[PDB]
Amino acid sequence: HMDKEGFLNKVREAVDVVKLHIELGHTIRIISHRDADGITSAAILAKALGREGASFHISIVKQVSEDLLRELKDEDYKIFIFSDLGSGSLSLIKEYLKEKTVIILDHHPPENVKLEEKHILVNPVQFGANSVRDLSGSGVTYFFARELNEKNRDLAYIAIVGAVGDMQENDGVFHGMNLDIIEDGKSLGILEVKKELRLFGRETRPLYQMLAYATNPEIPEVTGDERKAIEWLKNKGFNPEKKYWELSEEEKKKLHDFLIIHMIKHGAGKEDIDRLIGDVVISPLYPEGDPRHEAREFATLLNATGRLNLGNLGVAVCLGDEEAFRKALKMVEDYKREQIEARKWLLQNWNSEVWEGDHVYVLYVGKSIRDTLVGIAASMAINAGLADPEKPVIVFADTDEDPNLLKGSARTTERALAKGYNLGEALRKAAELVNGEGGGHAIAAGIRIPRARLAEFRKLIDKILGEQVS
């Protein structure tokens, strides 16, 4: 449970100080995250401020680094808006942006420091929200836009695209104020919530690829084998080359039955079965078979643009630019190819490269897996059975822009959270002793450390994770 009225009041506070700069004609400096949640957040801001005639300059970056801020203070603008980032760096924000106004529309757990009055923090977790379940970066941006203007309710589907991108329904259903965003889109007719297969490929992928690409959760003896998916689908009575949206409601229900019975016969956990069929958000504003018709395929299209340093193009895709959509459509196939090869490399090199301690797996891939896929790689290590569900997994890779730095993402399960693990506070406390930058949610966190201190990090992160148990 969260205080929705208290958080809404803090939203009204940020809206009031933003209208302060809109009246004077100030250009809003928008810094957003490269993830699909961040791309949607920048698109919601661009449309909301556009309805007010305000000027804005959007930059889609990977993280709020120390190097970003000292280049950002000497810019030109008088107000800055951080969407889907900034909560784990407001200590550095009130130092480098002390002489500027800063708005932070983020949902990450924020480090507890006192903020300057010209820096308004709008974070739902300060009002009782779950960091990975109640609201995402696009959700904070949506409520910020909806308070600035009620007409911004037509951005409810774009906000849900970001929530599915951040996997805010990973347990199979939506929670928190995401349901309030859904009810806004339902009253406008731009959004429908079905109970379908929560797998990528509802619109553009054949049914056998949808089953073979399933990594969250995995379908036993079918994930990674398109041939066995073709055969299993056929002797159950389904055309493998048909699309899931081309299935009738009778075929979908029958498909769900065979899939659940399959997971049960092969010993899949109840939690994976419960999250296989759940909330799937569609939008009648788009044709069926188009990836924008479903939220997960929309977010995958947005992640394909941010993967190639083209997040601004994905922002135009959300806004309705059809030429940017045709260019974005040519980026997803290689994005899915690199995910499959990340899982291929994972299954082959796990038992020979992983560093297993008393409370963590630490896998260093070097350059075999790109730095923006270590989060997906850490989750794939858990869903493939390579790692114990109660022991977190951290995957490191060489940073794209600097070889002397390592990008790491930590993922774990809800069962390990019941034991006392807090990946966000563990990586934040570890990064302090490594000259690095850490932080994130209790179930998912990211860290950037120098490559030289890797062996020391493995020892410290295992001790730190061992302290927060009990």
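One-based numbering along the sequence shown.
Comparing 157 to 165 with 76 to 84, the stretch with the higher mean C-alpha B-factor in the PDB entry is 76 to 84.
Mean CA B-factor, 393 to 401 versus 173 to 181: the higher value falls on 393 to 401. Of the candidates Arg146, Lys344, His119, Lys253, it is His119 whose Cα B-factor is highest according to the PDB record. In the PDB entry, the Cα temperature factor peaks, among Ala445, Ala42, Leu433, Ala48, at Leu433. Sort the modelled residues of the chain by CA B factor and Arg34 lands in the middle third.
Ranked against the other modelled residues of its chain, the C-alpha B-factor of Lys62 as given in the entry falls in the highest third. When the CA B factors of the chain's modelled residues are split into thirds, the value for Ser138 lands in the middle one. Sorting the modelled residues of the chain by their CA temperature factor places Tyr96 in the highest third. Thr204 sits in the lowest third of its chain by CA B factor, as recorded in the PDB entry.
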